[PDB]
Amino acid sequence: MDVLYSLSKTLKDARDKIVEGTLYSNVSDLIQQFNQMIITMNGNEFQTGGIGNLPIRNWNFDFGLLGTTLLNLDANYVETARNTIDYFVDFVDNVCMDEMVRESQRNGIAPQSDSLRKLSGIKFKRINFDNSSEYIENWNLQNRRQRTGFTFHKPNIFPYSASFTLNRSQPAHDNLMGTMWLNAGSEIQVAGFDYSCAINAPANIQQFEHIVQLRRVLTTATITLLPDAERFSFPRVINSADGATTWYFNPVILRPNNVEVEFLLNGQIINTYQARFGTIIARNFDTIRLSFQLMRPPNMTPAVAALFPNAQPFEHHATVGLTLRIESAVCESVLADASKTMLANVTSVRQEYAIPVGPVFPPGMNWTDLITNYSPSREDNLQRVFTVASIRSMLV
Amino acid sequence: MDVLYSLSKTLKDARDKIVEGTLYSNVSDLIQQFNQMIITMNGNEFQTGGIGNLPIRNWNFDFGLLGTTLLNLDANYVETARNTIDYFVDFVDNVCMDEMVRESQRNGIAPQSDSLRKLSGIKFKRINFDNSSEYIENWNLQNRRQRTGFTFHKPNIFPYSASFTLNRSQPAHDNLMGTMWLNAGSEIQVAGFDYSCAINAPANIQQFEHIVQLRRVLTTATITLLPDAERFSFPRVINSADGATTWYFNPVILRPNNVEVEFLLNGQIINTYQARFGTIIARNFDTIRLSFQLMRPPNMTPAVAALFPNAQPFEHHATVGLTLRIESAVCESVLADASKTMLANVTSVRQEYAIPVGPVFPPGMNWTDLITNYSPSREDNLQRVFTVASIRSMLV
Amino acid sequence: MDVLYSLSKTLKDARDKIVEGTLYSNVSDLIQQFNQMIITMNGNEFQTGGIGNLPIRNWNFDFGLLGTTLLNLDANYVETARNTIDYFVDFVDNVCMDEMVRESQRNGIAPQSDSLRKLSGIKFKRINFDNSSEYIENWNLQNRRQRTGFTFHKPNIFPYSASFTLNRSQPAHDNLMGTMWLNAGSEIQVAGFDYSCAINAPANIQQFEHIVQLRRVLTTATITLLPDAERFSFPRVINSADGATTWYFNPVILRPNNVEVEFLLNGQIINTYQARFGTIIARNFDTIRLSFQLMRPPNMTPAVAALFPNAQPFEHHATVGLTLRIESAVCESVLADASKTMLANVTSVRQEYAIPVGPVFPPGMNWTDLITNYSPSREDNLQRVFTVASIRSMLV
Amino acid sequence: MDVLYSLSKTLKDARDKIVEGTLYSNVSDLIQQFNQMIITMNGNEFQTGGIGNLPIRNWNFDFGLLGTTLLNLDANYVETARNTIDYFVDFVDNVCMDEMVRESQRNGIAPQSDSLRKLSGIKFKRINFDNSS
Amino acid sequence: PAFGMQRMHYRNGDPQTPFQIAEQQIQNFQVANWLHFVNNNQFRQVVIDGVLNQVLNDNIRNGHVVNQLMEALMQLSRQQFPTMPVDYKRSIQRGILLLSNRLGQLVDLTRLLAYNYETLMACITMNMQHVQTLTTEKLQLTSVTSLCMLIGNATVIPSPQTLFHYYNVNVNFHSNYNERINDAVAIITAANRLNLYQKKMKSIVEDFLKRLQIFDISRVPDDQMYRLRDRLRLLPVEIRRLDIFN
Ligand SMILES: [Zn+2]
Ligand SMILES: [Zn+2]
Ligand SMILES: [Zn+2]
Ligand SMILES: [Zn+2]
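Going line by line, the protein sequences match chains A, B, C, D and E. Using full-length UniProt numbering, the letters of the first sequence correspond one by one to residues 1 to 396. Using full-length UniProt numbering, the letters of the second sequence correspond one by one to residues 1 to 396. Using full-length UniProt numbering, the letters of the third sequence correspond one by one to residues 1 to 396. Using full-length UniProt numbering, the letters of the fourth sequence correspond one by one to residues 1 to 133. Using full-length UniProt numbering, the letters of the fifth sequence correspond one by one to residues 445 to 690.
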């Protein structure tokens, strides 16, 4: 992985720096690294593809070194370098694609393609140089077992789930108390509804709780907490829990009461935020507990009092809400997020070449299924393919 | 463009690396590149033009070389380098501003300012060194006709449009069937409404289809798809298509049925997602087809059955929705996005100096007009100005 | 491509110029180029054809050179050359066929076959010499991103479309107003019909408009505009817009009135011709807007007055027509045309070897679908295959 | 006209034949003709006129000769040749456009623009070569 | 050493010469192009007036390729020679320039050599067959240095009388060769058709080789003598001698 990244990095630096007219002093070290790459790869045969519709491709390396003396680079130098770089970039892209489409339940972090397994030999370690990218840096740190940290803008940590819980219900679905939520991506909208508006609730307060267990521990997380959940604040015909029938929801939004957002690690309260909205920081957590209360207004204007009668029918249903958006976070594991394209790249490569479903990932690399059952083998394979995809993105 | 970018890059490296106390070995190559730039620019007279309110400015280069004598850089060295760097940064910023405010219909990719046209002469090719920025990389790839790639977080690919289509309508607008949508930036919210709730539909199914044609091909796209469209889920009073009258919309949100999101390229189906929500990947597409259905619930609780009668009047109107956000994508063309500031920089420079409207861009640098009519000439000019803006942002 | 073109060009020049009895001074440079080709190809192994029914062929080169000191070529010299020429021509034809049947979505301009990919290596660049054909010239300019255009006699720019639009209609289809057009190749025949002959129209004038949006900009185009559409000048039984019924058209041809042709580029009026018939020049355009009018003759002879009554039934339907033929044009992109055989050659090669449908082109190389969705990737692949076909037609 | 045609023909032949890797024997006569054109044009000032909205343009020719002494043409050679060829092609296109927009009632076969009238002098006859179109 | 490349570990019997490996392993266009020419500058075969002739590449004949050589070695004069001691490097580069700065003289020398070769080759009547001979002519590279460093601009071409004498000697040798072949074949065929089974064709072949005037017959290997006998037995008899024998 480090040798493949070094190949890609050398090729990227050659493309960016070996340009007509530039001083040779701008590239001398780069030229030496490029020549080391050529020497190390010379006389080696590689094969890629042979899986799905990915074509079999053979690669033989017989290239000369760059040894010309110049003060400034000219067109001849750049054309020679360009020919060599084009061949090497094609080889690296094919190796990356071959590795991205493969997986194993055992040793999923280890190389899977024969080309990358061959690149893991000692004789190729000479190619290795600067490893500065976040993904390769995390790879090296993990191989050393230090903390690795991936920073995510809007991490895709919550599998999609639009669900509800009815704590009080009956077949007519006209006197319901419960919660409905959408946990999607970095976002959580939750709403506790009571059709009676806590008319008979002790102290005229109805308590709602929502526990969301993250599949991985998040750290240094910036969270936006807003009082209302816009997704559960309009009239809605919802299906029955078993699908037999449909019930009606006619929200009237009351501000949530006694809001407590707890960020827990191993069941222990790491962060607690009471009646606090806007930007908050969760420094280290694996679970979120949103506890909020529907409090019946002690004093109502006639228009308000008309909405909440003493008994059924309950035409307007009192709803309190909460919206929790993870703007940014850090995770030791790899995740999809709004800013990066690694999941997109892997999925595109697997779809384009019609890669059959393997024993590790779900069909089509569906992120919801993958994150729902984010097993250690899945995590290893995902980190491998994401690192390969980041390596490929440097060139392609 | 490569010479201008190299000037800006050398100046940025000088600002970052020529610091008090630094080892000369940390700056030796940088000092050589900077002195090469001084030699190349010396004796050349430049003029940045008087288009709009931009002052006409004359630039003369008669600078001495930076020293090579100190083992560690001291304060005197840094001050002299600061003087030279300040003059060069002023020149480069003025050249970038002069280039940004100009446009051409015939050759929009070619330099328009006289200073950048002069810098395209061969005598300045010596200044050229590392081209590692994404925009300059894409510029060089484009000049060689190679596959270009710009990565966008929330690409601004949809021109703003809040519109509706009534497939069934009548003068009093009490039995309406149709669709209303907002296409804004990276987001598409669509909602199909039936006032009769598909009571007389062939199978109690009302089919809605929304086709969005992207002005450019997007690849490696991560897309969040959510069932509901919160924007079309509250009561509204809406102008008639001709503005002669206003009609009433009183949505009640039903779950969309048989949701099929198709990502099409050249009219061919590239990606298909049926009843899938959350994060999906569209690897290569230029058109989105969202098909959904309002299905009458076969079984209704008394309240739900009360909402939907057998005949008019229809007080509650059954609405199904869909939200489609493009979190990230890759495009061969330049676009405005939520992360980069190129469009903002170009627009700010044009407004600050009261640039008269040109023959290429809309008369505000307005993005909706620009992306609606994204012609090849507009794309060439926009790539030029965005590359120059990225060059300027390195220094300003 | 330039190496393949140079191979084909060298072989063509060898066939033409290496003839019995010719002065050695007539062929000295050609003999040098031919010997360079033999030298470069000697010792190289090539493989062509593993796609469709194109058989796998293996090519080896161990040919001798040609003499260089005689004064006149004799039968012995030509006999020595002919065997090598035949083998090389067969190899070039097979390489061209291998490249013609291949396509890709990522880099369609880049070589796809293994043979042409190998010929892209630096060592074969020595074979490259005079690139004088139109297609190779455009290839080379387009690689450098210079303004270059292909000249077409009767360009095939309009996808086949025989359609009609009714602006006035009703179920019986006895009083219709609208337009019917054929868009085919370089030809637009349009006809506006009014069944009432504009009896109740304001000023007794009925206006018809037809807009044709070309998929590529045509420049320096010669157009023949005639005032009648012979295609829509005879009785027709025409399906309804949904195929539920057939209506009757019984034209009587009146001359078109206020004929205006507007050739537009990016919505801007470039050329305008009013009441002009014969040859006109459209210098640069992507859209053709034809506006014409049916005017009632204020004075009618008894037969003419009998044709058009004051009210229904309308048995003779007044029709005005226009015919627009693009005789020749220039387009920056490749197109099929009445003179070249590139499309025919590519289609023939693909059909003869049962090439499976790829992801870029439509099945069977259908030109109507290809020009309906002429995307940049399709344009790249089409330019590649058309250049290869032109190279192949130099020898076959 | 024959001098203008020969300039255009030399430039087209240079663009088609001066390609990276080609044998010098493929371009020897072309290189000689190109250098003859450079020598004849050097030191001469031209002005393409401002008839209509055609911009007034000034052209100065001070160019080095295309090199000999290469067995195969390399990238540096092609780059230098392309710079010179681009400037010459721009000049030729502008001269052709300036001539295409002018007319006289009498002697309308003769050159109308100043650039083509200047090119009709004896000193530019050296540029003239194959007139095959 | 100029390009800082690791010294070639060349293996005898390799199908590629050292220059053929270097052409692939050297990226510089000047040196690589010169190496390519040197690798592919073998003789070309062409029959003129029924005589097989070994002819040179046209770039040798006009002397143009010397420019490429010059170009290549000019590049070698600009190279760093990374690890070489600087005085030795300077000496090598100044020698490279000694040869480089004689570009015009070397072009003239190449054209003169090629012209003299072609003019004297016009006078050859027997096929110029290319075979690797048992013994060689030893060419001192110091004599090559003398020729390269001392050639002026005085053209010297073969005299017409020299050409005629060379052509006459070649024609005489060729005609004598053919006539002695005819005599040997005639006598061998006559002896066989006269059933002279005790006749030794070895004596006939030795007389033939002696009349060729350029063979010391005592040093002809026996296998070659018997092969000569076998090949002479297969030739048909010349018409005049055969008619006399009939
Ligand atoms: Zn229920
Ligand atoms: Zn309406
Ligand atoms: Zn964001
Ligand atoms: Zn109809």
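We put the CB at the ideal spot given by N, CA and C, even for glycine.
For the alpha helix (DSSP H) that contains residue i, what are its first and last residues?
i, result
"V499/E", "No alpha helix (DSSP H) holds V499/E; the beta strand (DSSP E) holding it covers 495–499."
"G539/E", "530–544"
"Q519/E", "509–522"
"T84/B", "75–100"
Is it right to say residue i is buried, meaning 16 or more other beta carbons lie within 10 angstroms of its own, or is it exposed?
i, result
"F386/A", "buried"
"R296/B", "buried"
"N94/C", "buried"
"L73/C", "buried"
"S133/D", "exposed"
"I601/E", "exposed"
"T580/E", "exposed"
"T148/A", "buried"
"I688/E", "exposed"
Starting from the beta carbon of residue i, find every residue of chain E whose beta carbon is closer than 8 Å, and list them in chain order.
i, result
"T68/C", "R488, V490, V499, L500, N501, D502, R505"
Could you check where the beta strand (DSSP E) with residue i kicks off and where it finishes?
i, result
"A191/C", "187–194"
"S163/B", "158–168"
"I205/A", "205–226"
"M295/C", "278–295"
"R126/C", "First-last for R126/C: undefined, no H or E at that position."
"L265/B", "257–265"
Determine whether the beta carbon atoms of residue i and residue j lie at a separation below 8 Å.
i, j, result
"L30/A", "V190/A", "no"
"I288/C", "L324/C", "yes"
"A81/C", "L66/C", "yes"
"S393/B", "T341/B", "yes"
"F285/B", "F263/B", "yes"
"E103/B", "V396/B", "no"
"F158/C", "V217/C", "no"
"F63/A", "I38/A", "yes"
"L182/B", "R117/B", "no"
"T69/C", "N483/E", "no"
Residues of chain C with a CB under 9 Å from the CB of residue i: which are they?
i, result
"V92/D", "Residues of chain C passing the Cβ test: none, with the nearest at roughly 15 Å."
For a contact defined as C-beta to C-beta under 7 Å, what are the partners of residue i on chain A?
i, result
"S132/B", "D16"
"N76/D", "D74, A75, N76"
"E79/D", "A75"
Going along chain C in order, which residues have a C-beta closer than 7 Å to the C-beta of residue i?
i, result
"residue 158/D", "Within the shown structure, residues of chain D are numbered from 1 to 133, placing residue 158/D beyond reach of any answer."
List, in chain order, every chain B residue whose beta-carbon is nearer than 8 Å to that of residue i.
i, result
"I281/C", "Result: empty, since nearest Cβ-Cβ is about 18 Å, beyond 8 Å."
Quick test of the definition: if touching needs 3 or more C-beta pairs under 8 Å, does the segment 45–58 of chain C touch the segment 93–112 of chain C? yes
Within 8 Å, do at least three Cβ pairs link the segment 360–371 of chain B to the segment 332–352 of chain B? yes
Between the segment 310–318 of chain B and the segment 246–253 of chain B, do three or more beta carbon pairs fall short of 8 Å? yes
How about the segment 351–359 of chain C and the segment 260–274 of chain C: do they share at least three Cβ pairs that are nearer than 8 Å? no
Measuring CB atoms only, is the segment 328–335 of chain A touching the segment 172–180 of chain A, in the sense that at least three cross pairs come out at less than 8 Å? no
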